[PDB]
Amino acid sequence: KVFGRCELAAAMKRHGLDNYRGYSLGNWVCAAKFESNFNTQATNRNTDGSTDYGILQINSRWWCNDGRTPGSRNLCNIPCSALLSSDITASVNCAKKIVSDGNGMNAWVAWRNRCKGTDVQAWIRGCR
Ligand SMILES: C[C@@H](O)CN1CCN(CC(=O)O)CCN(CC(=O)O)CCN(CC(=O)O)CC1
Ligand SMILES: C[C@@H](O)CN1CCN(CC(=O)O)CCN(CC(=O)O)CCN(CC(=O)O)CC1
Ligand SMILES: [Cl-]
Ligand SMILES: [Cl-]
Ligand SMILES: [Cl-]
Ligand SMILES: [Gd]
Ligand code: NA
């Protein structure tokens, strides 16, 4: 599924992401746009053999099981395929554990380089 901007904001707001660990809703929508272009089905292979999955590009090294990342952890206890669903519940619960782990939203390279320090409220501007 490819989300609309307002559609994604209303779903992330419903699953409790708004001000989660002090990160306003605009930070999350911004990250999604530049990680996945709002597409739940996005996948990108890393050079160390691990893969990034779904709308927030969560990494198989630490967070989910894809059966082809040797000696990796599964700290969200989900198959990677669960992160590609039209329902973003799995992606959101998984992201809550990542942003809680010490480095905050710096875990998302595109958030660090394209959202941090910018007018992030612009991303939910006009949404009900
Ligand atoms: C809402 C409308 O803007 C739709 N829109 C009309 C055309 N726009 C005109 C403009 O945005 O001022 C220019 C192109 N636009 C550039 C950009 O948005 O940064 C990329 C395509 N957009 C992507 C999007 O808007 O999400 C969809 C088409
Ligand atoms: C050409 C215009 O589209 C100018 N536009 C600024 C104003 N936009 C317009 C809008 O989308 O309504 C609103 C804010 N916007 C939200 C979003 O696009 O998702 C983020 C910034 N964008 C990023 C991008 O377009 O890739 C910069 C270019
Ligand atoms: Cl915001
Ligand atoms: Cl594996
Ligand atoms: Cl933080
Ligand atoms: Gd824009
Ligand atoms: Na794994």
# chains A, B, ... in the order shown; residues from 1 in each chain; ligands from 1

$ select_by_dssp --residues "range 60-118 of chain A" --states "alpha helix (DSSP H)" --output "PyMOL selection string"
chain A and resi 89-99+109-114

$ write_last_selection --atoms "C-alpha atoms" --output "short mmCIF file (atom, residue, chain, number, x, y, z; two decimals), in the first residue's frame"
data_model
loop_
_atom_site.label_atom_id
_atom_site.label_comp_id
_atom_site.auth_asym_id
_atom_site.auth_seq_id
_atom_site.Cartn_x
_atom_site.Cartn_y
_atom_site.Cartn_z
CA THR A 89 0.54 -1.90 13.50
CA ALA A 90 3.66 -4.21 13.41
CA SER A 91 5.88 -1.37 11.97
CA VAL A 92 4.67 1.12 14.69
CA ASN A 93 5.14 -1.32 17.68
CA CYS A 94 8.61 -2.25 16.33
CA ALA A 95 9.58 1.48 15.88
CA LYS A 96 8.52 2.21 19.53
CA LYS A 97 11.22 -0.26 20.76
CA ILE A 98 13.88 1.17 18.33
CA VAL A 99 13.39 4.93 19.27
CA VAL A 109 19.65 8.03 8.58
CA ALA A 110 17.10 9.90 6.31
CA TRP A 111 15.43 11.52 9.43
CA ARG A 112 18.92 12.70 10.61
CA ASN A 113 20.01 14.15 7.18
CA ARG A 114 16.59 15.44 5.81
#

$ residues_near_ligand --ligand "ligand 6" --cutoff "12 Å" --atoms "only C-alpha atoms and all ligand atoms" --output "VMD selection string"
chain A and resid 5 30 33 119 to 126

$ write_last_selection --atoms "N, CA and C atoms" --output "short mmCIF file (atom, residue, chain, number, x, y, z; two decimals), in the first residue's frame"
data_model
loop_
_atom_site.label_atom_id
_atom_site.label_comp_id
_atom_site.auth_asym_id
_atom_site.auth_seq_id
_atom_site.Cartn_x
_atom_site.Cartn_y
_atom_site.Cartn_z
N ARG A 5 -0.35 11.42 2.62
CA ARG A 5 0.30 12.13 3.73
C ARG A 5 -0.66 12.17 4.93
N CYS A 30 7.66 12.69 8.16
CA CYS A 30 8.89 13.11 7.45
C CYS A 30 9.78 11.89 7.18
N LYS A 33 8.32 9.41 4.58
CA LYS A 33 8.46 9.98 3.21
C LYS A 33 9.85 9.65 2.63
N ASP A 119 11.53 22.47 9.67
CA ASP A 119 10.11 22.71 9.99
C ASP A 119 9.35 21.40 9.76
N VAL A 120 9.30 20.51 10.75
CA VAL A 120 8.68 19.16 10.58
C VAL A 120 7.14 19.24 10.63
N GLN A 121 6.57 20.29 11.24
CA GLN A 121 5.09 20.50 11.35
C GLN A 121 4.49 20.67 9.96
N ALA A 122 5.27 21.21 9.02
CA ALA A 122 4.88 21.36 7.60
C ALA A 122 4.33 20.03 7.07
N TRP A 123 4.78 18.86 7.58
CA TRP A 123 4.42 17.51 7.06
C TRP A 123 2.98 17.13 7.44
N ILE A 124 2.39 17.68 8.50
CA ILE A 124 0.96 17.40 8.88
C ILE A 124 0.08 18.63 8.63
N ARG A 125 0.63 19.66 7.97
CA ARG A 125 -0.09 20.93 7.66
C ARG A 125 -1.26 20.59 6.74
N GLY A 126 -2.49 20.95 7.13
CA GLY A 126 -3.70 20.87 6.29
C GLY A 126 -4.55 19.65 6.60
#

$ closest_residue --among "A:80, A:61, A:9, A:72" --to "residue 28 in chain A" --atoms "only C-alpha atoms"
A:9

$ select_by_dssp --residues "chain A" --states "strand (DSSP E)" --output "list in words"
residues 43, 44, 45, 51, 52, 53, 58 and 59 of chain A

$ closest_residue --among "A:103, A:60, A:85, A:127" --to "ligand 5" --atoms "only C-alpha atoms and all ligand atoms"
A:103

$ closest_residue --among "A:24, A:46, A:106, A:59" --to "residue 83 in chain A" --atoms "only C-alpha atoms"
A:59

$ closest_residue --among "A:19, A:49, A:13, A:26" --to "ligand 5" --atoms "only C-alpha atoms and all ligand atoms"
A:19

$ atom_distance --atom1 "CA of residue 118 in chain A" --atom2 "CA of residue 43 in chain A"
26.3 Å

$ residues_around --residues "residue 4 in chain A" --least-positions-apart "6" --cutoff "10 Å" --atoms "only C-alpha atoms" --output "ChimeraX atom specification"
/A:33,37-39

$ residues_near_ligand --ligand "ligand 4" --cutoff "8 Å" --atoms "only C-alpha atoms and all ligand atoms" --output "list in words"
residues 60, 65, 66, 67, 68, 69, 70, 71 and 72 of chain A

$ closest_residue --among "A:17, A:11, A:32, A:84" --to "ligand 2" --atoms "only C-alpha atoms and all ligand atoms"
A:32

$ closest_residue --among "A:31, A:20, A:75, A:12" --to "ligand 2" --atoms "only C-alpha atoms and all ligand atoms"
A:31

$ atom_distance --atom1 "atom 13 (C, counted along the ligand's line) of ligand 2" --atom2 "CA of residue 2 in chain A"
18.1 Å

$ residues_near_ligand --ligand "ligand 5" --cutoff "7 Å" --atoms "only C-alpha atoms and all ligand atoms" --output "list in words"
residues 21, 103, 104 and 105 of chain A

$ atom_distance --atom1 "CA of residue 23 in chain A" --atom2 "atom 6 (C, counted along the ligand's line) of ligand 1"
28.8 Å
